[PDB]
$ cat entry_38.txt   # compact mmCIF, C-alpha atoms
# COMPACT_ATOMS: atom_id res chain seq x y z
CA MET A 1 -14.40 -19.22 1.75
CA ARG A 2 -11.73 -17.14 3.55
CA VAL A 3 -9.73 -16.54 6.83
CA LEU A 4 -7.91 -13.70 8.74
CA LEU A 5 -5.53 -14.64 11.67
CA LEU A 6 -5.55 -12.42 14.83
CA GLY A 7 -3.90 -12.36 18.32
CA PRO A 8 -1.46 -10.44 20.77
CA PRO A 9 2.46 -11.09 20.71
CA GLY A 10 3.05 -14.84 21.45
CA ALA A 11 4.60 -17.50 19.12
CA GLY A 12 1.41 -19.64 18.27
CA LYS A 13 -0.26 -18.28 15.05
CA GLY A 14 1.79 -18.80 11.81
CA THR A 15 2.36 -22.62 12.48
CA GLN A 16 -1.48 -23.50 12.27
CA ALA A 17 -1.88 -20.73 9.47
CA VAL A 18 0.66 -22.54 7.07
CA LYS A 19 -0.70 -26.06 8.11
CA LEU A 20 -4.38 -24.93 7.46
CA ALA A 21 -3.22 -23.51 3.98
CA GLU A 22 -1.82 -27.07 3.16
CA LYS A 23 -5.35 -28.56 4.04
CA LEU A 24 -7.47 -25.93 2.07
CA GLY A 25 -5.12 -25.04 -0.97
CA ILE A 26 -4.60 -21.25 -0.20
CA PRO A 27 -1.90 -18.44 -0.27
CA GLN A 28 -0.92 -17.96 3.47
CA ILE A 29 0.35 -14.31 3.37
CA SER A 30 2.15 -13.34 6.64
CA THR A 31 2.85 -9.53 6.59
CA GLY A 32 6.47 -9.80 7.80
CA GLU A 33 7.71 -12.38 5.17
CA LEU A 34 7.11 -10.70 1.72
CA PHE A 35 8.20 -7.28 3.22
CA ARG A 36 11.50 -8.75 4.75
CA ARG A 37 12.23 -10.19 1.22
CA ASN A 38 11.72 -6.58 -0.21
CA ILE A 39 14.26 -5.28 2.55
CA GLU A 40 17.00 -7.68 1.03
CA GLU A 41 15.97 -6.66 -2.59
CA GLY A 42 15.95 -2.83 -1.89
CA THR A 43 12.47 -1.17 -2.52
CA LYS A 44 12.20 1.73 0.06
CA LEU A 45 8.42 0.97 0.96
CA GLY A 46 9.70 -2.53 2.20
CA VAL A 47 11.81 -1.26 5.10
CA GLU A 48 9.79 1.75 6.61
CA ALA A 49 6.32 0.06 6.14
CA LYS A 50 7.59 -3.32 7.59
CA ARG A 51 9.27 -1.65 10.67
CA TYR A 52 6.27 0.55 11.37
CA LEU A 53 3.83 -2.51 10.99
CA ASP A 54 6.12 -4.49 13.50
CA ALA A 55 7.61 -1.60 15.76
CA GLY A 56 4.57 0.81 16.11
CA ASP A 57 4.95 4.23 14.31
CA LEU A 58 2.39 5.21 11.52
CA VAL A 59 2.18 3.10 8.26
CA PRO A 60 -0.06 4.13 5.15
CA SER A 61 -3.07 1.88 4.12
CA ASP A 62 -2.99 1.84 0.20
CA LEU A 63 0.58 0.34 -0.34
CA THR A 64 -0.06 -2.39 2.38
CA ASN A 65 -3.37 -3.48 0.62
CA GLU A 66 -1.39 -3.25 -2.78
CA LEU A 67 1.33 -5.84 -1.65
CA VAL A 68 -1.51 -8.08 -0.16
CA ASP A 69 -3.29 -7.89 -3.65
CA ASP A 70 0.08 -8.71 -5.47
CA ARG A 71 0.20 -12.03 -3.40
CA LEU A 72 -3.52 -12.65 -3.90
CA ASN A 73 -2.70 -13.05 -7.73
CA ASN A 74 -6.50 -12.99 -7.50
CA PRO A 75 -8.00 -15.33 -10.38
CA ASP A 76 -6.54 -17.96 -8.08
CA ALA A 77 -7.40 -16.04 -4.70
CA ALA A 78 -11.01 -14.56 -5.41
CA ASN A 79 -12.71 -17.43 -3.39
CA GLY A 80 -9.79 -17.85 -0.77
CA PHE A 81 -6.86 -16.35 1.18
CA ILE A 82 -5.34 -16.80 4.71
CA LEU A 83 -3.81 -13.52 6.09
CA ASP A 84 -1.78 -13.46 9.41
CA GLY A 85 -0.87 -10.37 11.54
CA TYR A 86 -2.49 -7.43 9.51
CA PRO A 87 -5.38 -6.16 11.89
CA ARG A 88 -3.13 -5.07 14.86
CA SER A 89 -4.83 -1.60 15.33
CA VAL A 90 -8.48 -0.36 14.51
CA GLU A 91 -6.99 2.47 12.25
CA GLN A 92 -5.06 0.18 9.74
CA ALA A 93 -7.66 -2.77 10.14
CA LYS A 94 -10.80 -0.68 9.24
CA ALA A 95 -9.37 -0.29 5.63
CA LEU A 96 -9.33 -4.20 5.28
CA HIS A 97 -13.01 -4.32 6.66
CA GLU A 98 -14.00 -1.46 4.15
CA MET A 99 -12.69 -3.86 1.33
CA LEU A 100 -14.15 -7.27 2.68
CA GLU A 101 -17.74 -5.84 3.17
CA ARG A 102 -17.47 -2.74 0.77
CA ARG A 103 -15.24 -4.55 -1.89
CA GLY A 104 -17.36 -7.70 -1.25
CA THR A 105 -15.15 -10.70 -0.45
CA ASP A 106 -16.18 -14.01 1.37
CA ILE A 107 -16.68 -13.77 5.25
CA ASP A 108 -15.93 -17.21 6.87
CA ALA A 109 -13.59 -16.64 9.94
CA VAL A 110 -11.62 -13.95 11.79
CA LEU A 111 -9.66 -16.43 13.84
CA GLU A 112 -8.26 -14.88 17.13
CA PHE A 113 -5.64 -16.89 19.16
CA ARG A 114 -5.83 -17.23 23.00
CA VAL A 115 -2.15 -17.73 23.96
CA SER A 116 -0.14 -17.62 27.30
CA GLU A 117 3.07 -15.58 28.22
CA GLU A 118 5.09 -18.93 27.91
CA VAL A 119 4.97 -18.73 24.02
CA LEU A 120 6.89 -15.34 24.12
CA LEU A 121 9.32 -17.14 26.55
CA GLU A 122 10.27 -19.42 23.62
CA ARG A 123 9.91 -15.91 21.83
CA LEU A 124 13.39 -15.48 23.11
CA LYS A 125 13.32 -16.17 26.86
CA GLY A 126 15.09 -19.49 25.46
CA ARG A 127 17.81 -18.01 23.10
CA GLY A 128 17.34 -15.94 19.88
CA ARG A 129 18.54 -12.22 19.95
CA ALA A 130 20.35 -9.37 21.77
CA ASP A 131 17.79 -6.51 22.82
CA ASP A 132 16.74 -5.14 19.39
CA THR A 133 13.48 -5.58 21.38
CA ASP A 134 12.84 -3.87 24.83
CA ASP A 135 12.50 -0.51 22.95
CA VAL A 136 10.50 -2.27 20.05
CA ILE A 137 8.32 -4.02 22.82
CA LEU A 138 7.68 -0.48 24.46
CA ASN A 139 6.42 1.10 21.09
CA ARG A 140 4.32 -2.13 20.41
CA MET A 141 2.74 -1.75 23.96
CA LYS A 142 1.81 1.92 22.92
CA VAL A 143 -0.12 0.53 19.81
CA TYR A 144 -1.64 -2.16 22.24
CA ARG A 145 -3.06 0.65 24.60
CA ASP A 146 -4.71 2.93 21.85
CA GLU A 147 -6.85 0.09 20.31
CA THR A 148 -7.30 -3.30 22.27
CA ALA A 149 -10.70 -2.44 24.04
CA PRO A 150 -12.46 -0.95 20.78
CA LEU A 151 -10.64 -3.75 18.68
CA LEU A 152 -12.12 -6.62 20.87
CA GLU A 153 -15.69 -4.98 20.52
CA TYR A 154 -15.49 -4.88 16.59
CA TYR A 155 -13.81 -8.34 16.19
CA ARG A 156 -15.59 -9.90 19.35
CA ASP A 157 -19.01 -9.51 17.50
CA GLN A 158 -17.39 -10.93 14.21
CA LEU A 159 -14.83 -13.69 15.34
CA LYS A 160 -14.18 -17.44 16.11
CA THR A 161 -11.39 -18.23 18.73
CA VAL A 162 -8.57 -20.85 18.88
CA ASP A 163 -6.84 -21.92 22.18
CA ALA A 164 -3.06 -22.22 21.49
CA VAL A 165 -0.52 -22.91 24.26
CA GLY A 166 2.40 -25.45 24.48
CA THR A 167 1.28 -28.37 22.32
CA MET A 168 1.62 -28.72 18.46
CA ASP A 169 -0.84 -31.56 17.33
CA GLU A 170 -3.59 -30.84 20.01
CA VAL A 171 -3.62 -27.02 19.09
CA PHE A 172 -4.18 -28.03 15.32
CA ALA A 173 -7.24 -30.18 16.48
CA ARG A 174 -8.85 -26.99 18.04
CA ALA A 175 -8.06 -24.89 14.86
CA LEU A 176 -10.18 -27.25 12.55
CA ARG A 177 -12.88 -27.58 15.37
CA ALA A 178 -13.39 -23.74 15.01
CA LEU A 179 -13.05 -23.54 11.10
CA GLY A 180 -12.95 -26.91 9.07
CA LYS A 181 -15.19 -29.39 11.06
$ encode --input "entry_38.txt" --output "structure tokens"
Amino acid sequence: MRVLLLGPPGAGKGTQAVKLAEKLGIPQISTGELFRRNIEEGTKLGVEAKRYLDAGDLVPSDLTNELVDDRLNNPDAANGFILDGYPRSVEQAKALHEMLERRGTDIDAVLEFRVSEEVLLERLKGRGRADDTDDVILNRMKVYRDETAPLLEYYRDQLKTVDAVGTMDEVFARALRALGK
């Protein structure tokens, strides 16, 4: 069995994705982490395709599903994998649905997180940067407007939800209540 981790901007996501990978025995692949490591190494598809996937200009499908398959290492990830933050937009995300149903991988849970504005307010309303954002938040709000209504029809027929606000150990109790038991 297998999981994909969905939700708008708002801190709560990756903390119960790494904790649920410790319970099940899986590769948790977050799409910013392996790509940021290729920015320090010096690839050239690391830096444009990671900024694009986070800032909001157009990123190609085949290289992004090639780096996901490199951290499958698949004779170990054919019956499991936890992805976080890859279906942001119906146009990149329909290539991953063409490979789960058309390629023919396990469908357990698309796990979408219901999270409040307060998580972004940790999400540096507390102390973390110096307006690299504002302009990156405006281009991300452009990719929010093109897709969110058609995206919630496709994934609203497919998904399971988690509530995720404030608390650490209570929010993990709701994440297994949706997926593990």
$ closest_residue --input "entry_38.txt" --among "A:178, A:45, A:5, A:82" --to "residue A:64" --atoms "only C-alpha atoms"
A:45
$ atom_distance --input "entry_38.txt" --atom1 "atom CA of residue A:127" --atom2 "atom CA of residue A:13"
19.8 Å
$ closest_atom_pairs --input "entry_38.txt" --of "stretch 83-151 of chain A" --to "stretch 30-33 of chain A" --cutoff "10 Å" --atoms "only C-alpha atoms" --output "CSV"
residue,atom,partner,partner_atom,distance
A:83,CA,A:30,CA,6.0
A:84,CA,A:30,CA,4.8
A:85,CA,A:31,CA,6.2
A:86,CA,A:31,CA,6.4
$ write_last_selection --input "entry_38.txt" --atoms "C-alpha atoms" --output "PDB file, in the coordinates of the input"
ATOM      1  CA  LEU A  83      -3.810 -13.520   6.090  1.00  0.00           C
ATOM      2  CA  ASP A  84      -1.780 -13.460   9.410  1.00  0.00           C
ATOM      3  CA  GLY A  85      -0.870 -10.370  11.540  1.00  0.00           C
ATOM      4  CA  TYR A  86      -2.490  -7.430   9.510  1.00  0.00           C
TER       5      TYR A  86
END
$ closest_residue --input "entry_38.txt" --among "A:94, A:81, A:8, A:20" --to "residue A:106" --atoms "only C-alpha atoms"
A:81
$ atom_distance --input "entry_38.txt" --atom1 "atom CA of residue A:12" --atom2 "atom CA of residue A:161"
12.9 Å
$ residues_around --input "entry_38.txt" --residues "residue A:24" --least-positions-apart "2" --cutoff "10 Å" --atoms "all atoms listed in the file" --output "PyMOL selection string"
chain A and resi 1-2+19-22+26-27+80-82+180
$ closest_residue --input "entry_38.txt" --among "A:167, A:153, A:10, A:15" --to "residue A:90" --atoms "only C-alpha atoms"
A:153
$ residues_around --input "entry_38.txt" --residues "residue A:60" --least-positions-apart "3" --cutoff "9 Å" --atoms "all atoms listed in the file" --output "PDB file with C-alpha atoms, in the frame of the given file"
ATOM      1  CA  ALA A  49       6.320   0.060   6.140  1.00  0.00           C
ATOM      2  CA  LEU A  63       0.580   0.340  -0.340  1.00  0.00           C
ATOM      3  CA  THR A  64      -0.060  -2.390   2.380  1.00  0.00           C
ATOM      4  CA  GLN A  92      -5.060   0.180   9.740  1.00  0.00           C
TER       5      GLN A  92
END
$ residues_near_point --input "entry_38.txt" --point "(0.2, -5.4, -3.0)" --cutoff "12 Å" --atoms "only C-alpha atoms" --output "list in words"
residues 29, 31, 34, 35, 38, 45, 46, 61, 62, 63, 64, 65, 66, 67, 68, 69, 70, 71, 72, 73 and 74 of chain A
$ residues_around --input "entry_38.txt" --residues "residue A:165" --least-positions-apart "2" --cutoff "12 Å" --atoms "only C-alpha atoms" --output "ChimeraX atom specification"
/A:10-13,113-122,162-163,167-172,174
$ write_last_selection --input "entry_38.txt" --atoms "C-alpha atoms" --output "mmCIF file, in the coordinates of the input"
data_model
loop_
_atom_site.group_PDB
_atom_site.id
_atom_site.type_symbol
_atom_site.label_atom_id
_atom_site.label_comp_id
_atom_site.auth_asym_id
_atom_site.auth_seq_id
_atom_site.Cartn_x
_atom_site.Cartn_y
_atom_site.Cartn_z
ATOM 1 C CA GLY A 10 3.050 -14.840 21.450
ATOM 2 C CA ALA A 11 4.600 -17.500 19.120
ATOM 3 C CA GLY A 12 1.410 -19.640 18.270
ATOM 4 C CA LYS A 13 -0.260 -18.280 15.050
ATOM 5 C CA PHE A 113 -5.640 -16.890 19.160
ATOM 6 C CA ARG A 114 -5.830 -17.230 23.000
ATOM 7 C CA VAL A 115 -2.150 -17.730 23.960
ATOM 8 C CA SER A 116 -0.140 -17.620 27.300
ATOM 9 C CA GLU A 117 3.070 -15.580 28.220
ATOM 10 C CA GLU A 118 5.090 -18.930 27.910
ATOM 11 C CA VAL A 119 4.970 -18.730 24.020
ATOM 12 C CA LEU A 120 6.890 -15.340 24.120
ATOM 13 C CA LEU A 121 9.320 -17.140 26.550
ATOM 14 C CA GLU A 122 10.270 -19.420 23.620
ATOM 15 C CA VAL A 162 -8.570 -20.850 18.880
ATOM 16 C CA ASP A 163 -6.840 -21.920 22.180
ATOM 17 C CA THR A 167 1.280 -28.370 22.320
ATOM 18 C CA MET A 168 1.620 -28.720 18.460
ATOM 19 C CA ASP A 169 -0.840 -31.560 17.330
ATOM 20 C CA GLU A 170 -3.590 -30.840 20.010
ATOM 21 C CA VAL A 171 -3.620 -27.020 19.090
ATOM 22 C CA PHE A 172 -4.180 -28.030 15.320
ATOM 23 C CA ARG A 174 -8.850 -26.990 18.040
#
$ closest_residue --input "entry_38.txt" --among "A:79, A:158, A:133, A:148" --to "residue A:7" --atoms "all atoms listed in the file"
A:148
$ atom_distance --input "entry_38.txt" --atom1 "atom CA of residue A:103" --atom2 "atom CA of residue A:25"
22.9 Å
$ closest_residue --input "entry_38.txt" --among "A:88, A:160, A:129, A:142" --to "residue A:108" --atoms "only C-alpha atoms"
A:160
$ residues_around --input "entry_38.txt" --residues "residue A:89" --least-positions-apart "2" --cutoff "7 Å" --atoms "all atoms listed in the file" --output "PyMOL selection string"
chain A and resi 87+91-93+143+147
$ build_atoms --input "entry_38.txt" --residues "stretch 33-54 of chain A" --atoms "N, CA and C atoms" --output "short mmCIF file (atom, residue, chain, number, x, y, z; two decimals), in the frame of the given file"
data_model
loop_
_atom_site.label_atom_id
_atom_site.label_comp_id
_atom_site.auth_asym_id
_atom_site.auth_seq_id
_atom_site.Cartn_x
_atom_site.Cartn_y
_atom_site.Cartn_z
N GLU A 33 6.86 -11.51 6.04
CA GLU A 33 7.71 -12.38 5.17
C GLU A 33 8.01 -11.80 3.77
N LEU A 34 6.96 -11.40 3.03
CA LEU A 34 7.11 -10.70 1.72
C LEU A 34 7.82 -9.31 1.82
N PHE A 35 7.52 -8.53 2.88
CA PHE A 35 8.20 -7.28 3.22
C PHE A 35 9.70 -7.43 3.62
N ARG A 36 10.08 -8.38 4.51
CA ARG A 36 11.50 -8.75 4.75
C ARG A 36 12.32 -9.15 3.48
N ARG A 37 11.68 -9.94 2.58
CA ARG A 37 12.23 -10.19 1.22
C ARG A 37 12.44 -8.91 0.35
N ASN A 38 11.50 -7.93 0.38
CA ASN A 38 11.72 -6.58 -0.21
C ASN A 38 12.78 -5.68 0.53
N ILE A 39 13.09 -5.90 1.84
CA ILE A 39 14.26 -5.28 2.55
C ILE A 39 15.61 -5.79 1.93
N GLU A 40 15.80 -7.12 1.72
CA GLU A 40 17.00 -7.68 1.03
C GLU A 40 17.13 -7.26 -0.46
N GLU A 41 16.01 -7.18 -1.20
CA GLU A 41 15.97 -6.66 -2.59
C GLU A 41 16.28 -5.14 -2.77
N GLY A 42 15.76 -4.29 -1.86
CA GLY A 42 15.95 -2.83 -1.89
C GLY A 42 14.81 -2.04 -2.58
N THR A 43 13.60 -1.99 -1.97
CA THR A 43 12.47 -1.17 -2.52
C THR A 43 12.38 0.28 -1.95
N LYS A 44 12.43 0.43 -0.62
CA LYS A 44 12.20 1.73 0.06
C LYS A 44 10.80 1.76 0.76
N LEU A 45 9.66 1.26 0.18
CA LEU A 45 8.42 0.97 0.96
C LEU A 45 8.47 -0.40 1.71
N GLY A 46 9.42 -1.32 1.41
CA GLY A 46 9.70 -2.53 2.20
C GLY A 46 10.08 -2.28 3.66
N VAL A 47 11.14 -1.47 3.81
CA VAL A 47 11.81 -1.26 5.10
C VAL A 47 11.06 -0.32 6.10
N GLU A 48 10.61 0.89 5.72
CA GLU A 48 9.79 1.75 6.61
C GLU A 48 8.42 1.12 6.94
N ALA A 49 7.68 0.64 5.92
CA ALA A 49 6.32 0.06 6.14
C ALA A 49 6.31 -1.31 6.88
N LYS A 50 7.37 -2.13 6.74
CA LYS A 50 7.59 -3.32 7.59
C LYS A 50 8.03 -3.02 9.04
N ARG A 51 8.82 -1.97 9.30
CA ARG A 51 9.27 -1.65 10.67
C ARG A 51 8.20 -1.00 11.66
N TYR A 52 7.68 0.13 11.14
CA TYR A 52 6.27 0.55 11.37
C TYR A 52 5.16 -0.51 11.66
N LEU A 53 4.79 -1.40 10.72
CA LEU A 53 3.83 -2.51 10.99
C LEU A 53 4.25 -3.53 12.12
N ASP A 54 5.56 -3.75 12.34
CA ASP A 54 6.12 -4.49 13.50
C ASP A 54 6.51 -3.60 14.73
#
